[PDB]
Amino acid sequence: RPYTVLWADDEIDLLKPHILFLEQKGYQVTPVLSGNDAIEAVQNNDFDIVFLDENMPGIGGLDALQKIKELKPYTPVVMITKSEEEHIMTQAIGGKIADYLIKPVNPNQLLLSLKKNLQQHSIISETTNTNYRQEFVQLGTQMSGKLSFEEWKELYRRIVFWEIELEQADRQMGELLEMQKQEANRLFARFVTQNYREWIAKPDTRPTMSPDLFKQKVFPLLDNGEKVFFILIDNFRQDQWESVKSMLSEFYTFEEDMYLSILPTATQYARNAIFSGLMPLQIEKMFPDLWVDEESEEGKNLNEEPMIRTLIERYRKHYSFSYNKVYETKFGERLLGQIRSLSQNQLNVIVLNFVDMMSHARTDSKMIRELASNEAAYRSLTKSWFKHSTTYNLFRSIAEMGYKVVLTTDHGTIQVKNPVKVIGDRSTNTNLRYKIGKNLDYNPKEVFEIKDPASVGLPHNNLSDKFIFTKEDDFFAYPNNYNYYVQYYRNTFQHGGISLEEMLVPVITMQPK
């Protein structure tokens, strides 16, 4: 079918050449001479696009625009006018013009506007598909052999880019990308299992990990005289950063990086290591009062403010600081109210827990299983949360306050698929990606077993002597109710183990505009 163009201009005879050109390109043009005729035509037809003059006897083009946009908000309107007046331009933009062309007009400029306003999505979709096919082999090479840490960061960033871009592209491309990501996770699990014990043993040569994060990314700003908000969104994957960065770009410029969470990729271990600057085992040894056992009923992350204080002292720094923890926008609304009273501190730490709650809810909440059924829906829901919770205005307020922001997380999460059998663990019956126990029964081939937890900076109970971790998108399952257990947890989001999504996480340094 040919696209239809309604063209209102009182001097349409002067546009004959351009109409002929459009008709030769395959467009059907209906010309009218006034804004009232244009309104009537839009009322009784479904034109694909409207071209409007501004200065016409009768109602002006800007008045016609308003009425047309009321009738057919979804139809593009292009203003084609001789006026060079800035206030006309501004009122056209404000009336939701799709484009604005000052006369005289090159007919090819009209063709550009038609392609862009009527076929942008299918043109971008085809170009994406072409570009992915032309890079598919390069990506497979990019993840081959042995990669440096910096190469893993680039690779994972490129895979996430394609995951998002291929939402808007041919499905078969999705299947190809899924399989490439599957391979990347298999290779990354290898990379981690081969080096992990040595990363903990040799702190000087290891990539930035949870206990290094404040020293590497926060202290240098503070020591250079900058005021910093450290915003920890629990359970925030790289692809969620990518989904919210466009919104934040209105208020901040970015320095984007990633770092490695320790194992287990879980709050009790990684987030306390962030805020203490220590491996969990060093927290227990140096500050036994701050470390809560895994078997305890006491909350595991209630000593982060004392931990931060010890970390600041340990490095002989004297920074003033605050610490606030948020679970609901409502207490988040309180914090937003009192946010400017934090302007006295060099360092203001905010923990947002809602995304972690939402993520766990993908297991037991029917609403969340529908709203985050897959990873594209998860990202979309993350964007809606960010925008319509107090988070958006928190970031906007902080920017007005002139603070730099360090936006990061303690770990990500991964959608799990295939079960791994296990038995006999203690106090880890809740977690599906790592277990702690003594006489654990499992297949050593299917996990990463730590038989010496003290070698990788982990404490434990006397009743437990080992950790085991799942890799890739496996999840632990018990035999006694295996088949219900497998059906219930398949395709849920889980953290604690080894994967790109869980361990390779964003840390963004942001400067207000």
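Residue numbers here begin at 1 and follow the sequence given.
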Entry-level comparison of average CA B-factors, 88-96 and 425-433, reporting the higher stretch: 425-433
Entry-level comparison of average CA B-factors, 101-109 and 201-209, reporting the higher stretch: 201-209
Highest recorded Cα temperature factor - choice among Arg271, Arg334, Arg158, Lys115: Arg334
Criterion, highest CA B-factor; candidates, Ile450, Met56, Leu52, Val32: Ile450
CA B-factor ranking of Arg133, expressed as a third of its chain: highest
Among modelled residues of the same chain, the CA temperature factor third for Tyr478: highest
Within-chain third of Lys227 by Cα B-factor, per the entry: highest
Record-listed C-alpha B factor of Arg379: chain third: lowest
Assigned third (lowest, middle, highest) for the C-alpha B factor of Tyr488: highest
